[PDB]
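These notes are about the structure you will find just below.
When reading the values below, keep in mind they use all heavy atoms of this one structure, side chains included, and skip hydrogens, waters and symmetry mates. A note on names: the letters A, B, ... follow the listed sequences, proteins ahead of strands, and every chain is numbered from 1.
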Amino acid sequence: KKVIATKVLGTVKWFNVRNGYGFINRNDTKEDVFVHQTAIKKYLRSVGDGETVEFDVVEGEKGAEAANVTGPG
RNA sequence: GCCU
């Protein structure tokens, strides 16, 4: 998957642990980006609604998606 | 695994 942007900050809109995905609102563009549980760095791979996260934006098979999702430090 |  092609990297489109790196070191992007965003706010978690919601993340559903039953379905394994959610959306992050990018702080730089105000657009939502899909996030799958497997894209979150070390339950073990989850983020919380309302938290600020840092991530890359990549081109998945269905459009842009988050990758390498971590805390901002 | 694209609005729960």
Shortest non-hydrogen pair, A:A39 vs A:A66, comes out as CB-O, 3.3 Å

So OG1 of A:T52 and CG of A:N27: to nearest 0.5 Å the spacing works out to 6.0 Å

Rounded to whole Å, CD of A:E31 lies from P of B:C3 at a distance of 15 Å

Residues 2-28 of chain A vs salt bridge (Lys or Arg N to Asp or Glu O under 4.0 Å), sequence neighbours excluded, gives A:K13-A:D32, A:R26-A:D28

*Does A:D32 make a side-chain donor-acceptor contact with the base of B:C3, cut-off 3.5 Å?*
yes

5'-most contact on RNA chain B (nearest-nucleotide basis), A:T38 vs A:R18, goes to A:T38

So, with a heavy-atom separation below 4.0 Å from RNA chain B, the residues of residues 4-11 of chain A are none

To the nearest angstrom, the CZ-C1' distance between A:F15 and B:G1 comes to 10 Å

Cluster membership besides A:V3, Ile/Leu/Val/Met/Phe/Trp/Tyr side chains within less than 4.5 angstrom, sorted by chain and number, is A:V58

Is there a side-chain contact between A:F55 and A:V35, using heavy atoms and a 4.5 Å cut-off?
no

Between A:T11 and A:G50 the two heavy atoms that sit nearest each other are CG2-O, 3.7 Å

Check: Does A:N25 reach the main-chain N or O of A:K30 with its side chain, forming a donor-acceptor pair under 3.5 Å?
Finding: yes

Applied to residues 55-66 of chain A, the salt bridge (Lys or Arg N to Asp or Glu O under 4.0 Å) test, sequence neighbours excluded, yields none

- Are A:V47 and A:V8 connected in a single hydrophobic cluster, I mean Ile/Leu/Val/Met/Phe/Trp/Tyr linked by side-chain heavy atoms less than 4.5 Å apart? yes

Rounded to whole Å, CZ of A:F34 lies from P of B:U4 at a distance of 13 Å

Sorted by number, residues from residues 48-62 of chain A placing a heavy atom under 4.0 Å from RNA chain B are A:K62

A:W14 CH2 to B:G1 P, in whole Å, measures 11 Å

Under a 4.0 Å heavy-atom cutoff, the residues of residues 63-72 of chain A touching RNA chain B are A:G63, A:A64, A:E65

With the side chain defined as heavy atoms from C-beta on, A:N19 is closest, among B:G1, B:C3, B:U4, to B:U4

message: Please check: side-chain N/O of A:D49 versus main-chain N/O of A:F15, any donor-acceptor pairing under 3.5 Å?
response: yes

Separation of B:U4 atom P from A:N16 atom CG, nearest Å, is 10 Å

When rounded to whole Å, the NE2 to P distance for the pair A:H36 and B:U4 reads 16 Å

| Which of parallel (below 30°), tilted (30 to 60°) and perpendicular (above 60°) describes A:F23 and A:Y21? | perpendicular

In whole angstroms, the gap separating P of B:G1 from CD1 of A:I24 amounts to 16 Å

Over all strands shown, is A:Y21 touching base, sugar-phosphate only, or nothing at heavy-atom distances under 4.0 angstrom?
sugar-phosphate

